[PDB]
>>> print(open('coords22.pdb').read())   # PDB, C-alpha atoms
ATOM      1  CA  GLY H   1     -87.308  71.030 219.258  1.00  0.00           C
ATOM      2  CA  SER H   2     -88.509  68.501 221.835  1.00  0.00           C
ATOM      3  CA  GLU H   3     -86.593  67.363 224.906  1.00  0.00           C
ATOM      4  CA  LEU H   4     -85.060  64.644 222.777  1.00  0.00           C
ATOM      5  CA  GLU H   5     -84.135  67.210 220.209  1.00  0.00           C
ATOM      6  CA  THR H   6     -82.703  69.268 223.015  1.00  0.00           C
ATOM      7  CA  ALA H   7     -81.073  66.103 224.332  1.00  0.00           C
ATOM      8  CA  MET H   8     -79.707  65.354 220.885  1.00  0.00           C
ATOM      9  CA  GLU H   9     -78.469  68.930 220.578  1.00  0.00           C
ATOM     10  CA  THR H  10     -76.950  68.428 223.989  1.00  0.00           C
ATOM     11  CA  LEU H  11     -75.236  65.392 222.524  1.00  0.00           C
ATOM     12  CA  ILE H  12     -74.229  67.529 219.525  1.00  0.00           C
ATOM     13  CA  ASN H  13     -72.923  70.256 221.797  1.00  0.00           C
ATOM     14  CA  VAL H  14     -70.886  67.712 223.668  1.00  0.00           C
ATOM     15  CA  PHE H  15     -69.802  66.179 220.381  1.00  0.00           C
ATOM     16  CA  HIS H  16     -68.888  69.656 219.198  1.00  0.00           C
ATOM     17  CA  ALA H  17     -67.303  70.341 222.558  1.00  0.00           C
ATOM     18  CA  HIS H  18     -64.809  67.640 221.605  1.00  0.00           C
ATOM     19  CA  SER H  19     -64.573  68.412 217.869  1.00  0.00           C
ATOM     20  CA  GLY H  20     -63.122  71.746 218.885  1.00  0.00           C
ATOM     21  CA  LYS H  21     -60.611  70.034 221.154  1.00  0.00           C
ATOM     22  CA  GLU H  22     -59.331  67.765 218.414  1.00  0.00           C
ATOM     23  CA  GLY H  23     -59.627  70.567 215.874  1.00  0.00           C
ATOM     24  CA  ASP H  24     -62.533  69.812 213.538  1.00  0.00           C
ATOM     25  CA  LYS H  25     -65.598  71.777 212.553  1.00  0.00           C
ATOM     26  CA  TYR H  26     -67.569  68.660 213.359  1.00  0.00           C
ATOM     27  CA  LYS H  27     -65.884  65.356 214.080  1.00  0.00           C
ATOM     28  CA  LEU H  28     -64.790  63.268 216.967  1.00  0.00           C
ATOM     29  CA  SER H  29     -61.618  61.234 216.950  1.00  0.00           C
ATOM     30  CA  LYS H  30     -60.793  58.158 219.002  1.00  0.00           C
ATOM     31  CA  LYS H  31     -58.706  60.463 221.248  1.00  0.00           C
ATOM     32  CA  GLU H  32     -61.350  62.699 222.895  1.00  0.00           C
ATOM     33  CA  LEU H  33     -63.915  59.975 222.409  1.00  0.00           C
ATOM     34  CA  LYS H  34     -62.383  57.554 224.898  1.00  0.00           C
ATOM     35  CA  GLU H  35     -62.089  60.311 227.450  1.00  0.00           C
ATOM     36  CA  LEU H  36     -65.377  61.828 226.388  1.00  0.00           C
ATOM     37  CA  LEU H  37     -67.252  58.567 226.629  1.00  0.00           C
ATOM     38  CA  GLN H  38     -65.931  57.847 230.107  1.00  0.00           C
ATOM     39  CA  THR H  39     -66.337  61.480 231.063  1.00  0.00           C
ATOM     40  CA  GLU H  40     -69.973  61.801 230.026  1.00  0.00           C
ATOM     41  CA  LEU H  41     -71.052  58.298 230.915  1.00  0.00           C
ATOM     42  CA  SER H  42     -69.273  58.367 234.229  1.00  0.00           C
ATOM     43  CA  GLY H  43     -72.346  56.798 235.800  1.00  0.00           C
ATOM     44  CA  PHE H  44     -72.824  54.183 233.062  1.00  0.00           C
ATOM     45  CA  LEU H  45     -69.149  53.565 232.827  1.00  0.00           C
ATOM     46  CA  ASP H  46     -68.752  52.857 236.504  1.00  0.00           C
ATOM     47  CA  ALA H  47     -71.901  50.741 236.786  1.00  0.00           C
ATOM     48  CA  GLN H  48     -70.956  48.252 234.044  1.00  0.00           C
ATOM     49  CA  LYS H  49     -67.156  48.325 234.243  1.00  0.00           C
ATOM     50  CA  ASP H  50     -66.923  44.545 234.441  1.00  0.00           C
ATOM     51  CA  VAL H  51     -69.778  44.020 232.051  1.00  0.00           C
ATOM     52  CA  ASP H  52     -68.848  42.464 228.725  1.00  0.00           C
ATOM     53  CA  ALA H  53     -71.026  44.832 226.746  1.00  0.00           C
ATOM     54  CA  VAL H  54     -68.765  47.792 227.480  1.00  0.00           C
ATOM     55  CA  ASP H  55     -65.817  45.926 225.979  1.00  0.00           C
ATOM     56  CA  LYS H  56     -67.846  44.879 223.027  1.00  0.00           C
ATOM     57  CA  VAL H  57     -68.974  48.423 222.463  1.00  0.00           C
ATOM     58  CA  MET H  58     -65.457  49.629 223.260  1.00  0.00           C
ATOM     59  CA  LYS H  59     -64.161  47.150 220.787  1.00  0.00           C
ATOM     60  CA  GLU H  60     -66.918  47.979 218.362  1.00  0.00           C
ATOM     61  CA  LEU H  61     -65.762  51.557 218.639  1.00  0.00           C
ATOM     62  CA  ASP H  62     -62.233  50.141 218.295  1.00  0.00           C
ATOM     63  CA  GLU H  63     -63.467  48.613 215.051  1.00  0.00           C
ATOM     64  CA  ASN H  64     -64.700  52.097 214.325  1.00  0.00           C
ATOM     65  CA  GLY H  65     -61.259  53.051 215.514  1.00  0.00           C
ATOM     66  CA  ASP H  66     -59.969  53.632 212.046  1.00  0.00           C
ATOM     67  CA  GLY H  67     -59.649  57.312 212.779  1.00  0.00           C
ATOM     68  CA  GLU H  68     -62.580  59.651 213.126  1.00  0.00           C
ATOM     69  CA  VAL H  69     -65.881  58.977 214.856  1.00  0.00           C
ATOM     70  CA  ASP H  70     -68.910  61.047 213.868  1.00  0.00           C
ATOM     71  CA  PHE H  71     -72.027  62.116 215.701  1.00  0.00           C
ATOM     72  CA  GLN H  72     -73.959  59.045 214.577  1.00  0.00           C
ATOM     73  CA  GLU H  73     -70.991  56.926 215.570  1.00  0.00           C
ATOM     74  CA  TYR H  74     -70.668  58.925 218.813  1.00  0.00           C
ATOM     75  CA  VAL H  75     -74.297  58.580 219.870  1.00  0.00           C
ATOM     76  CA  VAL H  76     -74.371  54.810 219.390  1.00  0.00           C
ATOM     77  CA  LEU H  77     -71.306  54.444 221.614  1.00  0.00           C
ATOM     78  CA  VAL H  78     -72.993  56.293 224.431  1.00  0.00           C
ATOM     79  CA  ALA H  79     -76.353  54.774 223.540  1.00  0.00           C
ATOM     80  CA  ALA H  80     -75.036  51.229 223.411  1.00  0.00           C
ATOM     81  CA  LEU H  81     -73.391  51.699 226.770  1.00  0.00           C
ATOM     82  CA  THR H  82     -76.492  53.487 228.008  1.00  0.00           C
ATOM     83  CA  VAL H  83     -78.798  50.667 226.875  1.00  0.00           C
ATOM     84  CA  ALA H  84     -76.344  47.999 227.939  1.00  0.00           C
ATOM     85  CA  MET H  85     -76.526  49.193 231.508  1.00  0.00           C
ATOM     86  CA  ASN H  86     -80.072  50.519 231.194  1.00  0.00           C
ATOM     87  CA  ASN H  87     -81.210  47.169 229.883  1.00  0.00           C
ATOM     88  CA  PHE H  88     -80.033  45.789 233.202  1.00  0.00           C
ATOM     89  CA  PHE H  89     -82.065  48.584 234.795  1.00  0.00           C
ATOM     90  CA  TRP H  90     -85.143  47.332 232.968  1.00  0.00           C
ATOM     91  CA  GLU H  91     -84.400  43.720 233.738  1.00  0.00           C
ATOM     92  CA  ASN H  92     -83.001  44.445 237.185  1.00  0.00           C
ATOM     93  CA  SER H  93     -85.448  46.954 238.512  1.00  0.00           C
TER      94      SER H  93
ATOM     95  CA  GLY K   1     -76.075  62.570 236.210  1.00  0.00           C
ATOM     96  CA  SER K   2     -74.058  63.818 233.266  1.00  0.00           C
ATOM     97  CA  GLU K   3     -75.852  65.751 230.534  1.00  0.00           C
ATOM     98  CA  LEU K   4     -75.291  62.807 228.255  1.00  0.00           C
ATOM     99  CA  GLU K   5     -76.515  60.532 230.944  1.00  0.00           C
ATOM    100  CA  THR K   6     -79.528  62.739 231.394  1.00  0.00           C
ATOM    101  CA  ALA K   7     -79.933  63.218 227.636  1.00  0.00           C
ATOM    102  CA  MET K   8     -79.496  59.525 226.934  1.00  0.00           C
ATOM    103  CA  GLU K   9     -81.875  58.639 229.756  1.00  0.00           C
ATOM    104  CA  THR K  10     -84.286  61.194 228.366  1.00  0.00           C
ATOM    105  CA  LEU K  11     -84.112  59.239 225.106  1.00  0.00           C
ATOM    106  CA  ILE K  12     -84.663  56.113 227.204  1.00  0.00           C
ATOM    107  CA  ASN K  13     -87.687  57.676 228.870  1.00  0.00           C
ATOM    108  CA  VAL K  14     -89.170  58.466 225.497  1.00  0.00           C
ATOM    109  CA  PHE K  15     -88.076  55.101 224.186  1.00  0.00           C
ATOM    110  CA  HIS K  16     -89.588  53.467 227.262  1.00  0.00           C
ATOM    111  CA  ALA K  17     -92.686  55.552 226.738  1.00  0.00           C
ATOM    112  CA  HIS K  18     -93.016  54.246 223.203  1.00  0.00           C
ATOM    113  CA  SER K  19     -91.903  50.695 224.108  1.00  0.00           C
ATOM    114  CA  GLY K  20     -94.772  50.691 226.548  1.00  0.00           C
ATOM    115  CA  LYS K  21     -97.014  51.790 223.697  1.00  0.00           C
ATOM    116  CA  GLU K  22     -95.562  49.279 221.254  1.00  0.00           C
ATOM    117  CA  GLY K  23     -95.956  46.584 223.910  1.00  0.00           C
ATOM    118  CA  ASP K  24     -92.467  45.134 224.246  1.00  0.00           C
ATOM    119  CA  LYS K  25     -90.814  45.157 227.620  1.00  0.00           C
ATOM    120  CA  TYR K  26     -88.115  47.047 225.804  1.00  0.00           C
ATOM    121  CA  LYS K  27     -88.156  47.335 222.023  1.00  0.00           C
ATOM    122  CA  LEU K  28     -89.773  49.742 219.616  1.00  0.00           C
ATOM    123  CA  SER K  29     -92.009  48.566 216.816  1.00  0.00           C
ATOM    124  CA  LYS K  30     -91.983  50.442 213.534  1.00  0.00           C
ATOM    125  CA  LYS K  31     -95.530  51.245 214.561  1.00  0.00           C
ATOM    126  CA  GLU K  32     -94.284  53.907 216.894  1.00  0.00           C
ATOM    127  CA  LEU K  33     -90.921  54.723 215.411  1.00  0.00           C
ATOM    128  CA  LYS K  34     -92.196  56.669 212.423  1.00  0.00           C
ATOM    129  CA  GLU K  35     -94.716  58.444 214.608  1.00  0.00           C
ATOM    130  CA  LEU K  36     -92.144  58.812 217.355  1.00  0.00           C
ATOM    131  CA  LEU K  37     -89.296  59.972 215.184  1.00  0.00           C
ATOM    132  CA  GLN K  38     -91.346  62.520 213.259  1.00  0.00           C
ATOM    133  CA  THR K  39     -93.155  63.568 216.412  1.00  0.00           C
ATOM    134  CA  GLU K  40     -90.312  63.757 218.913  1.00  0.00           C
ATOM    135  CA  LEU K  41     -87.925  65.317 216.390  1.00  0.00           C
ATOM    136  CA  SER K  42     -90.566  67.661 215.033  1.00  0.00           C
ATOM    137  CA  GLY K  43     -88.237  70.657 215.094  1.00  0.00           C
ATOM    138  CA  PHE K  44     -85.351  68.659 213.654  1.00  0.00           C
ATOM    139  CA  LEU K  45     -87.689  67.155 211.177  1.00  0.00           C
ATOM    140  CA  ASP K  46     -89.299  70.510 210.422  1.00  0.00           C
ATOM    141  CA  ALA K  47     -85.844  71.946 209.984  1.00  0.00           C
ATOM    142  CA  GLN K  48     -85.158  69.271 207.341  1.00  0.00           C
ATOM    143  CA  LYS K  49     -88.368  67.638 206.050  1.00  0.00           C
ATOM    144  CA  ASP K  50     -87.327  68.103 202.444  1.00  0.00           C
ATOM    145  CA  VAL K  51     -83.768  67.023 203.103  1.00  0.00           C
ATOM    146  CA  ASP K  52     -82.888  63.778 201.336  1.00  0.00           C
ATOM    147  CA  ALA K  53     -81.232  62.408 204.428  1.00  0.00           C
ATOM    148  CA  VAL K  54     -84.566  62.106 206.223  1.00  0.00           C
ATOM    149  CA  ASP K  55     -85.921  59.944 203.399  1.00  0.00           C
ATOM    150  CA  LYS K  56     -82.970  57.639 203.496  1.00  0.00           C
ATOM    151  CA  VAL K  57     -82.661  57.899 207.233  1.00  0.00           C
ATOM    152  CA  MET K  58     -86.317  57.212 207.533  1.00  0.00           C
ATOM    153  CA  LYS K  59     -86.154  54.327 205.080  1.00  0.00           C
ATOM    154  CA  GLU K  60     -82.801  52.866 206.068  1.00  0.00           C
ATOM    155  CA  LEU K  61     -84.534  51.880 209.294  1.00  0.00           C
ATOM    156  CA  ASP K  62     -86.733  49.557 207.218  1.00  0.00           C
ATOM    157  CA  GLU K  63     -83.801  47.193 207.405  1.00  0.00           C
ATOM    158  CA  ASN K  64     -84.294  47.492 211.132  1.00  0.00           C
ATOM    159  CA  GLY K  65     -87.909  46.703 210.362  1.00  0.00           C
ATOM    160  CA  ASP K  66     -86.710  43.111 210.451  1.00  0.00           C
ATOM    161  CA  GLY K  67     -88.589  42.764 213.693  1.00  0.00           C
ATOM    162  CA  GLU K  68     -88.410  45.893 215.765  1.00  0.00           C
ATOM    163  CA  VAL K  69     -86.213  48.877 216.446  1.00  0.00           C
ATOM    164  CA  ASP K  70     -84.817  49.609 219.914  1.00  0.00           C
ATOM    165  CA  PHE K  71     -82.785  52.127 221.785  1.00  0.00           C
ATOM    166  CA  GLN K  72     -79.659  51.223 219.839  1.00  0.00           C
ATOM    167  CA  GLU K  73     -81.629  51.423 216.605  1.00  0.00           C
ATOM    168  CA  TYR K  74     -83.654  54.427 217.879  1.00  0.00           C
ATOM    169  CA  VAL K  75     -80.720  56.602 218.950  1.00  0.00           C
ATOM    170  CA  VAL K  76     -78.923  56.316 215.629  1.00  0.00           C
ATOM    171  CA  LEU K  77     -82.118  57.169 213.780  1.00  0.00           C
ATOM    172  CA  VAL K  78     -82.654  60.365 215.735  1.00  0.00           C
ATOM    173  CA  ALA K  79     -78.928  61.053 215.772  1.00  0.00           C
ATOM    174  CA  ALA K  80     -78.774  60.472 212.040  1.00  0.00           C
ATOM    175  CA  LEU K  81     -81.400  63.149 211.594  1.00  0.00           C
ATOM    176  CA  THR K  82     -79.659  65.209 214.233  1.00  0.00           C
ATOM    177  CA  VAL K  83     -76.333  65.143 212.403  1.00  0.00           C
ATOM    178  CA  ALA K  84     -78.141  65.734 209.114  1.00  0.00           C
ATOM    179  CA  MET K  85     -80.044  68.653 210.582  1.00  0.00           C
ATOM    180  CA  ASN K  86     -77.242  69.840 212.880  1.00  0.00           C
ATOM    181  CA  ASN K  87     -74.915  69.718 209.916  1.00  0.00           C
ATOM    182  CA  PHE K  88     -76.828  72.797 208.830  1.00  0.00           C
ATOM    183  CA  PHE K  89     -76.207  74.221 212.315  1.00  0.00           C
ATOM    184  CA  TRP K  90     -72.477  73.920 211.924  1.00  0.00           C
ATOM    185  CA  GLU K  91     -72.174  74.799 208.273  1.00  0.00           C
ATOM    186  CA  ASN K  92     -74.943  77.390 208.181  1.00  0.00           C
ATOM    187  CA  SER K  93     -74.032  79.627 211.089  1.00  0.00           C
TER     188      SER K  93
END
>>> encode(input="coords22.pdb", output="structure tokens")
Amino acid sequence: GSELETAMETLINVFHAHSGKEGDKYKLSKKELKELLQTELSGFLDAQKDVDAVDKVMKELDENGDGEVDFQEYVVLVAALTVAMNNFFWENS
Amino acid sequence: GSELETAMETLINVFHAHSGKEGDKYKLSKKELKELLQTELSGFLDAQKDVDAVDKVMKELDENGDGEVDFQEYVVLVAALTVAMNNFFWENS
């Protein structure tokens, strides 16, 4: 697998790293996820703390706050935050 | 410099690489995405070419063929395959 595939596995491993914490073969719940998202995206989190996008994503995850959050749901949360800030990196470069 | 941050940025680098190819300052045209997704996730794809999920995952992005597909669209697409493929990792293991 390519770097992305490795990266995605890395995401999976992290996702799994949390699934174990909550107690699922493969799932993430809104409990580890909040901590996980801040934990992993410490850099992104800190950079756009006051940025609306984080709330919107946070809220969007809150919408997806019914119970469990899956890998696809997990990646978009980090991705959205990643792009949100990164988009500023593109625009503000 | 978290793994996720690195991993997500790695996705960005690839996304940026393709966005440069597609031409947008930051978007991905479906021109690249099929080539990119199959190419970059060759191992993931190879692991699950015949898997139905890839068809649907591949196609379901047609809806995101409205104009283009970007990092937010891109990450889910690879992640979707990743979860589909990695599902085998968890279950078959």
>>> calpha_fit_and_write(input="coords22.pdb", fixed="chain K", moving="chain H", output="short mmCIF file (atom, residue, chain, number, x, y, z; two decimals) with C-alpha atoms, keeping the file's coordinate frame")
data_model
loop_
_atom_site.label_atom_id
_atom_site.label_comp_id
_atom_site.auth_asym_id
_atom_site.auth_seq_id
_atom_site.Cartn_x
_atom_site.Cartn_y
_atom_site.Cartn_z
CA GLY H 1 -75.08 60.68 235.62
CA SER H 2 -74.09 63.69 233.50
CA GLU H 3 -76.42 65.77 231.36
CA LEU H 4 -75.73 63.39 228.52
CA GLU H 5 -76.51 60.50 230.78
CA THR H 6 -79.64 62.34 231.77
CA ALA H 7 -80.22 63.08 228.09
CA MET H 8 -79.67 59.43 227.25
CA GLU H 9 -82.02 58.41 230.06
CA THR H 10 -84.42 60.93 228.61
CA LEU H 11 -84.01 59.10 225.33
CA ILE H 12 -84.52 55.81 227.22
CA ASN H 13 -87.60 57.17 228.93
CA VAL H 14 -88.99 58.21 225.59
CA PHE H 15 -87.95 54.87 224.14
CA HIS H 16 -89.64 53.20 227.08
CA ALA H 17 -92.56 55.56 226.70
CA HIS H 18 -93.14 53.85 223.35
CA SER H 19 -92.16 50.31 224.38
CA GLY H 20 -95.11 50.42 226.73
CA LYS H 21 -97.38 51.57 223.92
CA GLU H 22 -96.42 48.70 221.65
CA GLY H 23 -96.31 46.33 224.61
CA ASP H 24 -92.68 45.44 225.34
CA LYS H 25 -90.57 45.66 228.45
CA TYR H 26 -88.00 47.41 226.30
CA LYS H 27 -88.33 47.59 222.54
CA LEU H 28 -89.53 49.91 219.88
CA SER H 29 -91.30 48.73 216.77
CA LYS H 30 -91.55 50.47 213.41
CA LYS H 31 -95.09 51.51 214.43
CA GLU H 32 -94.48 53.94 217.33
CA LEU H 33 -91.07 54.72 215.92
CA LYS H 34 -92.34 56.52 212.83
CA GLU H 35 -94.72 58.55 214.94
CA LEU H 36 -92.21 58.82 217.74
CA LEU H 37 -89.44 60.02 215.49
CA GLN H 38 -91.61 62.69 213.92
CA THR H 39 -93.14 63.49 217.28
CA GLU H 40 -89.87 64.01 219.13
CA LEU H 41 -87.91 65.49 216.27
CA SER H 42 -90.72 67.78 215.25
CA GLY H 43 -88.18 70.57 214.87
CA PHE H 44 -85.63 68.44 212.98
CA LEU H 45 -88.31 66.77 210.99
CA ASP H 46 -89.81 70.00 209.77
CA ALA H 47 -86.47 71.68 209.06
CA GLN H 48 -85.15 68.96 206.73
CA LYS H 49 -88.38 67.58 205.26
CA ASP H 50 -87.11 67.92 201.70
CA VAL H 51 -83.60 66.94 202.63
CA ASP H 52 -82.41 63.63 201.21
CA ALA H 53 -80.79 62.57 204.46
CA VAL H 54 -84.15 62.12 206.17
CA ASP H 55 -85.22 59.67 203.47
CA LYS H 56 -81.95 57.88 203.66
CA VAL H 57 -82.24 57.59 207.40
CA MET H 58 -85.94 56.80 207.01
CA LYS H 59 -85.01 54.19 204.52
CA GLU H 60 -82.12 53.05 206.64
CA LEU H 61 -84.63 52.60 209.41
CA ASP H 62 -86.82 50.93 206.76
CA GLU H 63 -83.89 48.58 206.22
CA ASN H 64 -84.01 48.20 209.96
CA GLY H 65 -87.70 47.81 209.34
CA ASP H 66 -87.61 44.09 209.74
CA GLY H 67 -89.67 44.39 212.89
CA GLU H 68 -88.34 45.75 216.14
CA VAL H 69 -86.04 48.71 216.64
CA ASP H 70 -84.00 48.92 219.84
CA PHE H 71 -82.60 51.79 221.84
CA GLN H 72 -79.32 51.75 219.94
CA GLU H 73 -81.29 51.59 216.72
CA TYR H 74 -83.66 54.28 218.05
CA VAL H 75 -80.96 56.74 219.05
CA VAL H 76 -79.17 56.58 215.70
CA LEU H 77 -82.43 57.38 213.90
CA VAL H 78 -82.92 60.51 215.94
CA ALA H 79 -79.18 61.17 215.99
CA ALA H 80 -78.77 60.75 212.25
CA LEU H 81 -81.65 63.10 211.65
CA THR H 82 -80.32 65.38 214.37
CA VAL H 83 -76.83 65.48 212.84
CA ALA H 84 -78.18 65.62 209.32
CA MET H 85 -79.94 68.86 210.07
CA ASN H 86 -77.44 69.94 212.72
CA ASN H 87 -74.62 69.43 210.27
CA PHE H 88 -76.35 72.06 208.17
CA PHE H 89 -76.45 74.16 211.35
CA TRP H 90 -72.68 73.83 211.63
CA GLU H 91 -72.13 74.47 207.96
CA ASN H 92 -74.94 76.99 207.68
CA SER H 93 -74.48 79.03 210.78
#
>>> residues_around(input="coords22.pdb", residues="residue 55 in chain H", least_positions_apart="5", cutoff="12 Å", atoms="all atoms listed in the file", output="NGL selection string")
:H and (45 or 48-50 or 60-63 or 77 or 80-81 or 84)
>>> atom_distance(input="coords22.pdb", atom1="CA of residue 36 in chain H", atom2="CA of residue 68 in chain H")
13.7 Å
>>> residues_near_point(input="coords22.pdb", point="(-71.0, 59.8, 236.7)", cutoff="7 Å", atoms="all atoms listed in the file", output="list in words")
residues 41, 42, 43 and 44 of chain H; 1 and 2 of chain K
>>> resolve_selection(input="coords22.pdb", expression="the PyMOL selection byres ((chain H and resi 24-31) around 12)", output="PyMOL selection string")
(chain H and resi 12-23+32-38+58-75+77) or (chain K and resi 83-84+86-93)
>>> axis_aligned_box(input="coords22.pdb", around="range 59-62 of chain H", padding_each_side="5 Å", output="lines of an AutoDock Vina configuration file")
center_x = -64.6
center_y = 49.4
center_z = 219.5
size_x = 14.7
size_y = 14.4
size_z = 12.5
>>> atom_distance(input="coords22.pdb", atom1="CA of residue 6 in chain K", atom2="CA of residue 6 in chain H")
11.1 Å
>>> closest_residue(input="coords22.pdb", among="K:53, K:78, K:7, K:85", to="chain H", atoms="all atoms listed in the file")
K:7
>>> decode(input="coords22.pdb", residues="range 3-70 of chain K", atoms="C-alpha atoms", output="PDB file, in the first residue's frame")
ATOM      1  CA  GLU K   3       0.606  10.801  13.009  1.00  0.00           C
ATOM      2  CA  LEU K   4      -2.855  11.878  11.989  1.00  0.00           C
ATOM      3  CA  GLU K   5      -1.545  15.294  11.268  1.00  0.00           C
ATOM      4  CA  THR K   6       1.237  13.766   9.249  1.00  0.00           C
ATOM      5  CA  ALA K   7      -1.101  11.199   7.680  1.00  0.00           C
ATOM      6  CA  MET K   8      -3.742  13.801   6.918  1.00  0.00           C
ATOM      7  CA  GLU K   9      -1.110  16.165   5.543  1.00  0.00           C
ATOM      8  CA  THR K  10       0.242  13.285   3.507  1.00  0.00           C
ATOM      9  CA  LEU K  11      -3.254  12.989   2.036  1.00  0.00           C
ATOM     10  CA  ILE K  12      -3.115  16.753   1.506  1.00  0.00           C
ATOM     11  CA  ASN K  13       0.228  16.454  -0.254  1.00  0.00           C
ATOM     12  CA  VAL K  14      -1.201  13.860  -2.585  1.00  0.00           C
ATOM     13  CA  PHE K  15      -4.400  15.840  -2.887  1.00  0.00           C
ATOM     14  CA  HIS K  16      -2.346  18.959  -3.575  1.00  0.00           C
ATOM     15  CA  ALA K  17      -0.307  16.966  -6.043  1.00  0.00           C
ATOM     16  CA  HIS K  18      -3.450  15.982  -7.905  1.00  0.00           C
ATOM     17  CA  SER K  19      -5.125  19.398  -7.457  1.00  0.00           C
ATOM     18  CA  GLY K  20      -2.101  20.824  -9.192  1.00  0.00           C
ATOM     19  CA  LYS K  21      -2.658  18.283 -11.948  1.00  0.00           C
ATOM     20  CA  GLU K  22      -6.395  18.910 -12.114  1.00  0.00           C
ATOM     21  CA  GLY K  23      -5.687  22.646 -12.200  1.00  0.00           C
ATOM     22  CA  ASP K  24      -7.697  24.012  -9.288  1.00  0.00           C
ATOM     23  CA  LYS K  25      -5.913  25.943  -6.604  1.00  0.00           C
ATOM     24  CA  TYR K  26      -7.416  23.342  -4.339  1.00  0.00           C
ATOM     25  CA  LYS K  27     -10.028  20.917  -5.633  1.00  0.00           C
ATOM     26  CA  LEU K  28      -9.842  17.565  -7.347  1.00  0.00           C
ATOM     27  CA  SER K  29     -11.557  16.908 -10.640  1.00  0.00           C
ATOM     28  CA  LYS K  30     -12.998  13.477 -11.308  1.00  0.00           C
ATOM     29  CA  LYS K  31     -10.300  13.429 -13.952  1.00  0.00           C
ATOM     30  CA  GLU K  32      -7.723  12.608 -11.351  1.00  0.00           C
ATOM     31  CA  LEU K  33      -9.829  11.072  -8.634  1.00  0.00           C
ATOM     32  CA  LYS K  34     -10.458   7.759 -10.356  1.00  0.00           C
ATOM     33  CA  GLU K  35      -6.839   7.586 -11.427  1.00  0.00           C
ATOM     34  CA  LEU K  36      -5.731   8.870  -8.047  1.00  0.00           C
ATOM     35  CA  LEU K  37      -7.941   6.658  -5.953  1.00  0.00           C
ATOM     36  CA  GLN K  38      -7.140   3.473  -7.852  1.00  0.00           C
ATOM     37  CA  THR K  39      -3.495   4.450  -8.120  1.00  0.00           C
ATOM     38  CA  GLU K  40      -2.778   5.737  -4.627  1.00  0.00           C
ATOM     39  CA  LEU K  41      -4.840   2.996  -2.973  1.00  0.00           C
ATOM     40  CA  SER K  42      -3.475   0.308  -5.257  1.00  0.00           C
ATOM     41  CA  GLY K  43      -2.859  -2.106  -2.394  1.00  0.00           C
ATOM     42  CA  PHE K  44      -6.204  -1.320  -0.786  1.00  0.00           C
ATOM     43  CA  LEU K  45      -7.811  -1.523  -4.139  1.00  0.00           C
ATOM     44  CA  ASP K  46      -5.916  -4.690  -5.032  1.00  0.00           C
ATOM     45  CA  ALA K  47      -6.968  -6.125  -1.711  1.00  0.00           C
ATOM     46  CA  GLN K  48     -10.609  -5.478  -2.680  1.00  0.00           C
ATOM     47  CA  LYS K  49     -11.036  -4.885  -6.435  1.00  0.00           C
ATOM     48  CA  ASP K  50     -13.891  -7.357  -6.647  1.00  0.00           C
ATOM     49  CA  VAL K  51     -15.500  -6.106  -3.468  1.00  0.00           C
ATOM     50  CA  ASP K  52     -18.879  -4.488  -4.094  1.00  0.00           C
ATOM     51  CA  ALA K  53     -18.035  -1.584  -1.849  1.00  0.00           C
ATOM     52  CA  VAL K  54     -15.442  -0.288  -4.304  1.00  0.00           C
ATOM     53  CA  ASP K  55     -18.071  -0.158  -7.053  1.00  0.00           C
ATOM     54  CA  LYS K  56     -20.474   1.768  -4.922  1.00  0.00           C
ATOM     55  CA  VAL K  57     -17.723   3.721  -3.265  1.00  0.00           C
ATOM     56  CA  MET K  58     -16.293   4.465  -6.631  1.00  0.00           C
ATOM     57  CA  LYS K  59     -19.680   5.395  -8.057  1.00  0.00           C
ATOM     58  CA  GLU K  60     -21.159   7.148  -5.042  1.00  0.00           C
ATOM     59  CA  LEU K  61     -18.560   9.826  -5.715  1.00  0.00           C
ATOM     60  CA  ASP K  62     -20.360  10.523  -9.004  1.00  0.00           C
ATOM     61  CA  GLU K  63     -22.721  12.549  -6.873  1.00  0.00           C
ATOM     62  CA  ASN K  64     -19.612  14.466  -5.935  1.00  0.00           C
ATOM     63  CA  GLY K  65     -19.040  14.674  -9.665  1.00  0.00           C
ATOM     64  CA  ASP K  66     -21.373  17.650  -9.436  1.00  0.00           C
ATOM     65  CA  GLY K  67     -18.365  19.817 -10.079  1.00  0.00           C
ATOM     66  CA  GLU K  68     -15.277  18.467  -8.418  1.00  0.00           C
ATOM     67  CA  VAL K  69     -14.154  16.422  -5.459  1.00  0.00           C
ATOM     68  CA  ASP K  70     -11.820  17.831  -2.799  1.00  0.00           C
TER      69      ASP K  70
END
